[PDB]
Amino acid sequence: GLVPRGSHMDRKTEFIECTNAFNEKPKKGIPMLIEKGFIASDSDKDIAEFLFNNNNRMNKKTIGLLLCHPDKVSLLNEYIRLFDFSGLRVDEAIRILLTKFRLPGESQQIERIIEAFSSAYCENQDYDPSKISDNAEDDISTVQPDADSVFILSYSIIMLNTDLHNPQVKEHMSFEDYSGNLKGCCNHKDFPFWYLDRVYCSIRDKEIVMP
């Protein structure tokens, strides 16, 4: 009578009730989503897949806080994999990452997220060591930072994004300073000029944002 439904009113209503419970308390929301059949089971794989696919339907801040919880490393690791970071520079991968959830604010929380991201990022690449070069401009397969190196670069990228787009900054960080501070950070050696240059110019020309 009231709604055609096929506008799927009943499904939407329970989804809204379930997601509200999740945004409030994942500890309560997840089991409700499972009970209602929106999540297949209580496995990290099923929960991770649901979170990953419904990033624009639930509170991204809550999602981020759930993922960075010390005892949720298993979930975080299942979740981080769903991403395809293959053939992308670290900054391009970060942009993709931050479209699914919002980074938490505390030190140890950010660290847990970036650690998972860095390991996943490296796992997604085909690091053929014979290809390593400091001058194969624009050839992504020739720069192979290990997890610790990606972790450091990731922090530098978030840092740079803030500096270059902060109107309060008198003199935005120059490429020389951005790259200089990164010396010895690519497997204890330097990142190739072109890699940091493309990173720097990309961040400069398009702020990483939202969620």
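Residue positions are given as counts along the sequence shown, with the first one as 1.
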{"item": "Selected stretch [higher average CA B-factor]: 144-152 or 22-30", "value": "22-30"}
{"item": "Higher-scoring stretch by recorded Cα B factor average, 4-12 or 202-210", "value": "4-12"}
{"item": "Residue of maximum C-alpha B factor among 114, 122, 82, 93, per deposited coordinates", "value": "82"}
{"item": "Residue, from 181, 174, 55, 161, that the PDB entry assigns the highest Cα B-factor", "value": "55"}
{"item": "Third of the chain, ranked by Cα B-factor, where residue 137 sits", "value": "lowest"}
{"item": "Residue 186 - Cα temperature factor, lowest/middle/highest third of chain", "value": "lowest"}
{"item": "Chain-wide C-alpha B factor ranking for residue 89, given as lowest, middle or highest third", "value": "lowest"}
{"item": "Third of chain Cα B-factors occupied by residue 51", "value": "middle"}
{"item": "Relative C-alpha B-factor of residue 157, binned into the chain's lowest, middle or highest third", "value": "lowest"}
